[PDB]
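Asks: This one is run_9.pdb, PDB, C-alpha atoms and all ligand atoms.
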MODEL        1
ATOM      1  CA  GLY A   1       8.560 187.268  95.699  1.00  0.00           C
ATOM      2  CA  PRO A   2       8.933 183.522  96.253  1.00  0.00           C
ATOM      3  CA  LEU A   3       5.138 183.142  96.009  1.00  0.00           C
ATOM      4  CA  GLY A   4       4.685 184.975  92.701  1.00  0.00           C
ATOM      5  CA  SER A   5       5.372 187.959  90.498  1.00  0.00           C
ATOM      6  CA  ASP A   6       5.429 191.490  91.854  1.00  0.00           C
ATOM      7  CA  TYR A   7       4.488 194.626  89.935  1.00  0.00           C
ATOM      8  CA  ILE A   8       4.302 198.370  90.209  1.00  0.00           C
ATOM      9  CA  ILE A   9       1.032 199.746  88.802  1.00  0.00           C
ATOM     10  CA  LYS A  10       1.110 203.441  87.882  1.00  0.00           C
ATOM     11  CA  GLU A  11      -2.250 204.948  87.000  1.00  0.00           C
ATOM     12  CA  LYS A  12      -2.283 207.983  84.721  1.00  0.00           C
ATOM     13  CA  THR A  13      -5.343 210.047  83.838  1.00  0.00           C
ATOM     14  CA  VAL A  14      -4.781 212.736  81.210  1.00  0.00           C
ATOM     15  CA  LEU A  15      -6.805 215.282  79.258  1.00  0.00           C
ATOM     16  CA  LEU A  16      -5.745 215.400  75.603  1.00  0.00           C
ATOM     17  CA  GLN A  17      -6.748 218.491  73.664  1.00  0.00           C
ATOM     18  CA  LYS A  18      -5.750 218.386  69.998  1.00  0.00           C
ATOM     19  CA  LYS A  19      -6.133 220.542  66.899  1.00  0.00           C
ATOM     20  CA  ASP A  20      -8.293 219.470  63.968  1.00  0.00           C
ATOM     21  CA  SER A  21      -5.253 218.959  61.707  1.00  0.00           C
ATOM     22  CA  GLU A  22      -3.491 216.429  63.955  1.00  0.00           C
ATOM     23  CA  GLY A  23      -4.085 213.135  65.690  1.00  0.00           C
ATOM     24  CA  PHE A  24      -3.792 212.448  69.383  1.00  0.00           C
ATOM     25  CA  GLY A  25      -0.480 210.820  68.452  1.00  0.00           C
ATOM     26  CA  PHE A  26      -0.846 207.197  69.508  1.00  0.00           C
ATOM     27  CA  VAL A  27      -1.719 203.865  67.968  1.00  0.00           C
ATOM     28  CA  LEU A  28      -4.113 201.588  69.836  1.00  0.00           C
ATOM     29  CA  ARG A  29      -3.760 197.807  69.589  1.00  0.00           C
ATOM     30  CA  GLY A  30      -5.826 195.001  71.056  1.00  0.00           C
ATOM     31  CA  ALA A  31      -4.074 192.324  73.116  1.00  0.00           C
ATOM     32  CA  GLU A  32     -14.398 185.890  78.174  1.00  0.00           C
ATOM     33  CA  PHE A  33     -11.666 188.369  79.150  1.00  0.00           C
ATOM     34  CA  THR A  34     -10.976 188.904  82.851  1.00  0.00           C
ATOM     35  CA  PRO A  35      -8.423 191.599  83.754  1.00  0.00           C
ATOM     36  CA  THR A  36      -5.446 190.636  85.908  1.00  0.00           C
ATOM     37  CA  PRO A  37      -2.894 192.888  87.642  1.00  0.00           C
ATOM     38  CA  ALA A  38      -0.228 191.988  85.062  1.00  0.00           C
ATOM     39  CA  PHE A  39      -2.729 192.222  82.170  1.00  0.00           C
ATOM     40  CA  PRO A  40      -5.329 194.868  83.032  1.00  0.00           C
ATOM     41  CA  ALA A  41      -7.114 195.670  79.735  1.00  0.00           C
ATOM     42  CA  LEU A  42      -7.650 194.436  76.181  1.00  0.00           C
ATOM     43  CA  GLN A  43      -6.428 197.620  74.444  1.00  0.00           C
ATOM     44  CA  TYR A  44      -2.989 199.155  74.879  1.00  0.00           C
ATOM     45  CA  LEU A  45      -0.842 201.874  73.326  1.00  0.00           C
ATOM     46  CA  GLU A  46       1.296 200.092  70.727  1.00  0.00           C
ATOM     47  CA  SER A  47       3.126 203.353  70.006  1.00  0.00           C
ATOM     48  CA  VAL A  48       3.053 207.004  71.054  1.00  0.00           C
ATOM     49  CA  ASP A  49       4.411 209.759  68.792  1.00  0.00           C
ATOM     50  CA  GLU A  50       7.292 211.417  70.608  1.00  0.00           C
ATOM     51  CA  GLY A  51       6.371 215.065  71.162  1.00  0.00           C
ATOM     52  CA  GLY A  52       2.772 214.508  70.061  1.00  0.00           C
ATOM     53  CA  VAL A  53      -0.334 215.410  72.054  1.00  0.00           C
ATOM     54  CA  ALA A  54      -0.468 212.103  73.957  1.00  0.00           C
ATOM     55  CA  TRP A  55       3.272 212.040  74.635  1.00  0.00           C
ATOM     56  CA  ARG A  56       3.251 215.595  76.019  1.00  0.00           C
ATOM     57  CA  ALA A  57       0.451 214.700  78.444  1.00  0.00           C
ATOM     58  CA  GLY A  58       2.346 211.679  79.789  1.00  0.00           C
ATOM     59  CA  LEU A  59       1.134 208.676  77.793  1.00  0.00           C
ATOM     60  CA  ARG A  60       3.700 206.093  76.735  1.00  0.00           C
ATOM     61  CA  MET A  61       4.028 202.984  74.608  1.00  0.00           C
ATOM     62  CA  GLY A  62       2.792 199.977  76.589  1.00  0.00           C
ATOM     63  CA  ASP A  63       0.158 201.793  78.677  1.00  0.00           C
ATOM     64  CA  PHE A  64      -3.085 199.828  79.072  1.00  0.00           C
ATOM     65  CA  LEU A  65      -6.303 201.691  78.351  1.00  0.00           C
ATOM     66  CA  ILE A  66      -8.729 201.572  81.317  1.00  0.00           C
ATOM     67  CA  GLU A  67     -11.161 204.422  80.640  1.00  0.00           C
ATOM     68  CA  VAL A  68     -12.214 206.732  77.806  1.00  0.00           C
ATOM     69  CA  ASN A  69     -14.248 209.838  78.691  1.00  0.00           C
ATOM     70  CA  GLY A  70     -15.610 208.356  81.902  1.00  0.00           C
ATOM     71  CA  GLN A  71     -16.433 204.931  80.460  1.00  0.00           C
ATOM     72  CA  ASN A  72     -14.531 201.818  81.476  1.00  0.00           C
ATOM     73  CA  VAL A  73     -13.125 200.080  78.401  1.00  0.00           C
ATOM     74  CA  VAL A  74     -11.148 197.301  80.127  1.00  0.00           C
ATOM     75  CA  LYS A  75     -13.302 194.647  78.474  1.00  0.00           C
ATOM     76  CA  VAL A  76     -14.326 196.536  75.298  1.00  0.00           C
ATOM     77  CA  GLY A  77     -13.401 195.552  71.752  1.00  0.00           C
ATOM     78  CA  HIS A  78     -10.958 197.455  69.573  1.00  0.00           C
ATOM     79  CA  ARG A  79     -13.374 198.969  67.033  1.00  0.00           C
ATOM     80  CA  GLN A  80     -15.764 200.031  69.798  1.00  0.00           C
ATOM     81  CA  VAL A  81     -12.982 201.767  71.746  1.00  0.00           C
ATOM     82  CA  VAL A  82     -11.793 203.591  68.625  1.00  0.00           C
ATOM     83  CA  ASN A  83     -15.352 204.795  67.969  1.00  0.00           C
ATOM     84  CA  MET A  84     -15.614 206.039  71.573  1.00  0.00           C
ATOM     85  CA  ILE A  85     -12.355 207.968  71.169  1.00  0.00           C
ATOM     86  CA  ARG A  86     -13.620 209.517  67.930  1.00  0.00           C
ATOM     87  CA  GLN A  87     -16.918 210.539  69.555  1.00  0.00           C
ATOM     88  CA  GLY A  88     -15.020 213.142  71.575  1.00  0.00           C
ATOM     89  CA  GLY A  89     -13.624 215.022  68.590  1.00  0.00           C
ATOM     90  CA  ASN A  90     -10.569 217.075  69.560  1.00  0.00           C
ATOM     91  CA  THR A  91     -10.895 216.267  73.262  1.00  0.00           C
ATOM     92  CA  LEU A  92     -10.080 212.960  74.911  1.00  0.00           C
ATOM     93  CA  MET A  93      -9.865 212.115  78.611  1.00  0.00           C
ATOM     94  CA  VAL A  94      -8.278 208.713  79.174  1.00  0.00           C
ATOM     95  CA  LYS A  95      -7.148 206.674  82.137  1.00  0.00           C
ATOM     96  CA  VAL A  96      -4.294 204.251  81.516  1.00  0.00           C
ATOM     97  CA  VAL A  97      -2.104 202.046  83.706  1.00  0.00           C
ATOM     98  CA  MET A  98       1.575 201.340  83.177  1.00  0.00           C
ATOM     99  CA  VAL A  99       2.678 197.908  84.427  1.00  0.00           C
ATOM    100  CA  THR A 100       6.291 197.223  85.281  1.00  0.00           C
ATOM    101  CA  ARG A 101       6.832 193.477  85.635  1.00  0.00           C
TER     102      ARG A 101
HETATM  103  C1  LIG B 201      -7.422 205.784  68.829  1.00  0.00           C
HETATM  104  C2  LIG B 201      -7.028 206.420  67.509  1.00  0.00           C
HETATM  105  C3  LIG B 201      -8.264 206.836  66.726  1.00  0.00           C
HETATM  106  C4  LIG B 201      -6.103 207.615  67.730  1.00  0.00           C
HETATM  107  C5  LIG B 201      -5.450 208.145  66.451  1.00  0.00           C
HETATM  108  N1  LIG B 201      -4.457 207.199  65.969  1.00  0.00           N
HETATM  109  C6  LIG B 201      -4.828 209.526  66.728  1.00  0.00           C
HETATM  110  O1  LIG B 201      -3.576 209.602  66.711  1.00  0.00           O
HETATM  111  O2  LIG B 201      -5.619 210.475  66.958  1.00  0.00           O
ENDMDL
END
Please render this file's structure as structure tokens.
Ligand SMILES: CC(C)C[C@H](N)C(=O)O
Replies:
Amino acid sequence: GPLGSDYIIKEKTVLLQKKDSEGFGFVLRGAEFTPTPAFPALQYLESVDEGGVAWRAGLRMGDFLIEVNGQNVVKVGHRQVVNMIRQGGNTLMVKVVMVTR
């Protein structure tokens, strides 16, 4: 609008269940930190393997990572988030948000 940017925010929570001999099929990248509607989290999905576990569940390149296995990771550093994802083994529940600007 004339007073500022408008967005659509689409929240997606998915359960990823993978096999031992595969990844979840995404690459995390990291963008004090205060979240904003346009910029909701430090970590986001730089890429998602088409047809991989994450892709099939509905995750997409550009999604911002909000939660991992019930823990909010909006303000959490890259290495820490990766370690939290690995703690779950072959199971990962994540919440992401897709921002259209
Ligand atoms: C967050 C990362 C550890 C995910 C990893 N690249 C995978 O595809 O399983």
Asks: Which residue gives the smallest distance to residue A:77 among A:29, A:101, A:56, A:10, with only C-alpha atoms counted?
Replies: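 The answer is A:29, which sits nearest to residue A:77.
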Asks: Can you tell me which residues sit at most 6 Å away from ligand LIG 201 (chain B), counting only C-alpha atoms and all ligand atoms, written as a VMD selection string?
Replies: chain A and resid 23 to 28 82 85
Asks: Take the PyMOL selection byres (((chain A and resi 73) around 12) and not hetatm), apply it to the structure above, and return the hits as a PyMOL selection string.
Replies: chain A and resi 30+33+35+40-44+64-72+74-85+94-96
Asks: Between A:16, A:49, A:7, A:90, which is the closest to residue A:36 once you count only C-alpha atoms?
Replies: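 Among the listed residues, A:7 lies closest to residue A:36.
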Asks: Could you state the separation of atom CA of residue A:86 and atom CA of residue A:20 in Å, given to one decimal place?
Replies: 12.0 Å
Asks: Using all atoms listed in the file, find the one residue out of A:58, A:51, A:89, A:1 that sits nearest to residue A:14.
Replies: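 Answer, going by the shortest atom-to-atom distance: A:58.
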Asks: Taking all atoms listed in the file into account, which of A:99, A:12, A:39, A:21 comes nearest residue A:59?
Replies: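 Nearest to residue A:59: A:12.
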Asks: Taking every listed atom of stretch 29-32 of chain A and adding 8 Å to each side, what centre and edge lengths in Å (one decimal) does the axis-aligned box have, as JSON?
Replies:
{"center_x": -9.1, "center_y": 191.8, "center_z": 73.9, "size_x": 26.6, "size_y": 27.9, "size_z": 24.6}
Asks: Generate the coordinates of N, CA and C atoms for stretch 39-74 of chain A; report them as a short mmCIF file (atom, residue, chain, number, x, y, z; two decimals), in the coordinates of the input.
Replies:
data_model
loop_
_atom_site.label_atom_id
_atom_site.label_comp_id
_atom_site.auth_asym_id
_atom_site.auth_seq_id
_atom_site.Cartn_x
_atom_site.Cartn_y
_atom_site.Cartn_z
N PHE A 39 -2.11 192.07 83.49
CA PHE A 39 -2.73 192.22 82.17
C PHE A 39 -4.09 192.89 82.33
N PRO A 40 -4.12 194.21 82.51
CA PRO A 40 -5.33 194.87 83.03
C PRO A 40 -6.40 195.23 82.01
N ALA A 41 -6.14 195.19 80.71
CA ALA A 41 -7.11 195.67 79.74
C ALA A 41 -6.79 195.09 78.37
N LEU A 42 -7.83 195.00 77.52
CA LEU A 42 -7.65 194.44 76.18
C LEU A 42 -6.86 195.36 75.26
N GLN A 43 -7.06 196.67 75.36
CA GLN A 43 -6.43 197.62 74.44
C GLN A 43 -5.23 198.29 75.11
N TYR A 44 -4.16 198.48 74.35
CA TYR A 44 -2.99 199.16 74.88
C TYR A 44 -2.37 200.04 73.79
N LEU A 45 -1.51 200.94 74.23
CA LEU A 45 -0.84 201.87 73.33
C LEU A 45 0.36 201.18 72.71
N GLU A 46 0.20 200.72 71.46
CA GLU A 46 1.30 200.09 70.73
C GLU A 46 2.45 201.06 70.49
N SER A 47 2.12 202.32 70.19
CA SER A 47 3.13 203.35 70.01
C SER A 47 2.52 204.70 70.37
N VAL A 48 3.41 205.63 70.73
CA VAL A 48 3.05 207.00 71.05
C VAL A 48 4.03 207.91 70.31
N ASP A 49 3.52 208.86 69.53
CA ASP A 49 4.41 209.76 68.79
C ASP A 49 5.17 210.66 69.76
N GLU A 50 6.50 210.58 69.73
CA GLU A 50 7.29 211.42 70.61
C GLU A 50 7.04 212.89 70.29
N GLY A 51 6.72 213.66 71.32
CA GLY A 51 6.37 215.06 71.16
C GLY A 51 4.95 215.34 70.69
N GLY A 52 4.16 214.30 70.42
CA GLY A 52 2.77 214.51 70.06
C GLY A 52 1.90 214.81 71.28
N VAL A 53 0.60 214.97 71.02
CA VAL A 53 -0.33 215.41 72.05
C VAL A 53 -0.32 214.44 73.22
N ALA A 54 -0.45 213.14 72.93
CA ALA A 54 -0.47 212.10 73.96
C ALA A 54 0.85 212.04 74.71
N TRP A 55 1.97 212.07 73.98
CA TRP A 55 3.27 212.04 74.64
C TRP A 55 3.43 213.20 75.61
N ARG A 56 3.05 214.41 75.18
CA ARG A 56 3.25 215.60 76.02
C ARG A 56 2.44 215.52 77.30
N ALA A 57 1.29 214.85 77.26
CA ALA A 57 0.45 214.70 78.44
C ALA A 57 0.91 213.59 79.37
N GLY A 58 1.83 212.73 78.92
CA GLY A 58 2.35 211.68 79.79
C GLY A 58 2.03 210.25 79.38
N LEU A 59 1.41 210.04 78.22
CA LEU A 59 1.13 208.68 77.79
C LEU A 59 2.36 208.09 77.12
N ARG A 60 2.49 206.77 77.18
CA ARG A 60 3.70 206.09 76.74
C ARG A 60 3.33 204.77 76.09
N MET A 61 4.17 204.32 75.16
CA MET A 61 4.03 202.98 74.61
C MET A 61 3.93 201.97 75.74
N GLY A 62 3.00 201.01 75.59
CA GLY A 62 2.79 199.98 76.59
C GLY A 62 1.70 200.25 77.61
N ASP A 63 1.23 201.49 77.74
CA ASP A 63 0.16 201.79 78.68
C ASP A 63 -1.10 201.04 78.28
N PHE A 64 -1.82 200.52 79.29
CA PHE A 64 -3.08 199.83 79.07
C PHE A 64 -4.23 200.81 79.22
N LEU A 65 -5.20 200.74 78.32
CA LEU A 65 -6.30 201.69 78.35
C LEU A 65 -7.43 201.19 79.26
N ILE A 66 -7.71 201.94 80.33
CA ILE A 66 -8.73 201.57 81.32
C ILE A 66 -10.04 202.31 81.07
N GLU A 67 -9.96 203.61 80.80
CA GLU A 67 -11.16 204.42 80.64
C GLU A 67 -10.99 205.42 79.51
N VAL A 68 -12.10 205.69 78.83
CA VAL A 68 -12.21 206.73 77.81
C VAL A 68 -13.42 207.60 78.13
N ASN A 69 -13.18 208.87 78.45
CA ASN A 69 -14.25 209.84 78.69
C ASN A 69 -15.27 209.31 79.69
N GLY A 70 -14.76 208.75 80.79
CA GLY A 70 -15.61 208.36 81.90
C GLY A 70 -16.19 206.97 81.78
N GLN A 71 -15.88 206.26 80.70
CA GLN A 71 -16.43 204.93 80.46
C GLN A 71 -15.31 203.91 80.56
N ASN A 72 -15.55 202.85 81.31
CA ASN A 72 -14.53 201.82 81.48
C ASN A 72 -14.47 200.94 80.23
N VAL A 73 -13.28 200.80 79.66
CA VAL A 73 -13.12 200.08 78.40
C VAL A 73 -12.23 198.86 78.57
N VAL A 74 -12.01 198.44 79.82
CA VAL A 74 -11.15 197.30 80.13
C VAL A 74 -11.53 196.09 79.28
#
